[PDB]
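Below you will find one chain, with nothing else, as structure tokens; this is the form deposited in one PDB entry, and questions on how it binds or moves follow later.
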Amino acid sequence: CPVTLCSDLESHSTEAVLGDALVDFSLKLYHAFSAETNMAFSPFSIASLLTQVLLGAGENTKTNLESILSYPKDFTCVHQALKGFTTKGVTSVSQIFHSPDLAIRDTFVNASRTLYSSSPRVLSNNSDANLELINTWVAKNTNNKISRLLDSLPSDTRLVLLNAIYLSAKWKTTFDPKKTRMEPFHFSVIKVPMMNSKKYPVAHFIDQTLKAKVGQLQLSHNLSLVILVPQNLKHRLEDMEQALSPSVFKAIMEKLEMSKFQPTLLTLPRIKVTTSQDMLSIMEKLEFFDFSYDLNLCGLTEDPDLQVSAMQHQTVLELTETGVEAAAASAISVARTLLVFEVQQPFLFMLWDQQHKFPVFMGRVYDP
């Protein structure tokens, strides 16, 4: 162990590599997560937290983490590339808290100020105080959509790494809320909230490989909502998903990106989804032997008694008539699992960054 080597960043190419890696990472996470219900998560927040862990990792841990994230061997410019994947529709901030008995290397301190515009903050002796500090930080950076990321903060806690994302954007064409209706849905039968518009601009086509309608609704700030729905009842969402390889996914997004928007009768489920998940436990389905038992964060601190055992992830995502709001946070911390969802007809969706070409949020609606 000796950090700090990216001085020259060729922005087209490191951008392409990183977007591609986040795509791959997104699909791996999606697939591990779908192994049957309704959820949303932010592969980008999760990648961002793990890349912060990576900034302070030693050799063996770097290796595992890079493979999980599909980053190439060499990619020292990742952190600078990742820093400029923030948009005006999407915010991303990162922060560390530590006990005063955990010394953070100066080198880690410098890198953290450069990349995150933040310095490590000190925890106090009080468990409840620390919890409010942290949870308030997250709230502050998710427009209060995530007001309680952590349930508790054990007394033995010496390190918290966090990331928080806030995405907010308007539809180019809004829906009319007098046309929004609670519509029957077959499922004890229920009613579900449905935004309707007879001539909405959707770019869409059927892909013969997924056997699926592919559609995109345009938002401001180069973000879109991308939807994949099985093309009819003969095909289940699981088959579509398993066909969704990285090459298939990328070929869809390419064709999608040249497709014209055209007036389309649209009955958009008015999705509100809140998901909390131990994402380490999902992450961990992507490697055989668990990296955490040899956790080497010598980049971050000389202290050897640091242990990573969970990662809280929470996503809140809301479609309205005016736009989308999606918040996510991820922490290396104690985690709880709760999936809150409104049942609907099956599809996958993404909030896609059409500038940097990766999924900021991904989600699934399933009809059991």
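Each form is matched to the other, and the largest set of C-alpha atoms that superpose within 1.5 Å is called the rigid core. One rule holds for the numbers: they count along the sequence shown, beginning at 1.
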| property | result |
| --- | --- |
| Continuity check for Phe187 and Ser188, given as deposited residues lacking coordinates between them | 1 to 3 |
| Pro2 to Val3: deposited residues without atomic coordinates | 1 to 3 |
| Average Cα temperature factor in the PDB entry - higher stretch of 119-127, 90-98 | 119-127 |
| Given 137-145 and 189-197, the range whose Cα B-factors average higher in the PDB entry | 189-197 |
| Top Cα B factor in the deposited entry, candidates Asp294, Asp278, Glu287, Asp151 | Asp151 |
| Candidate residues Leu300, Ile46, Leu65, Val308, the one whose C-alpha B factor the record puts highest | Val308 |
| Within-chain third of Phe33 by Cα B-factor, per the entry | highest |
| Cα B factor band for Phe75 (lowest, middle or highest third within the chain) | highest |
| Within-chain third of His204 by Cα B-factor, per the entry | lowest |
| Assigned third (lowest, middle, highest) for the C-alpha B factor of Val214 | lowest |
| Third of chain Cα B-factors occupied by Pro263 | middle |
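A second form of this protein, the form deposited in another entry, is not displayed here; the remarks below concern that form.
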property: Exceeds or equals 2 Å, Cα of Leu29 between this form and the one not shown, core fit; result: no
property: Residue shift check between this form and the one not shown, rigid core fit, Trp137 Cα at least 2 Å; result: yes
property: Core-aligned CA displacement of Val316 at least 2 Å between this form and the one not shown; result: no
property: Outcome for the Cα pair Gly323, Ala47 in that other deposited form, compared with this form (closer or farther; change of 3 Å or more); result: farther
property: Inter-Cα distance between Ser330 and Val17 in that other deposited form, nearer or further [3 Å or more]; result: farther
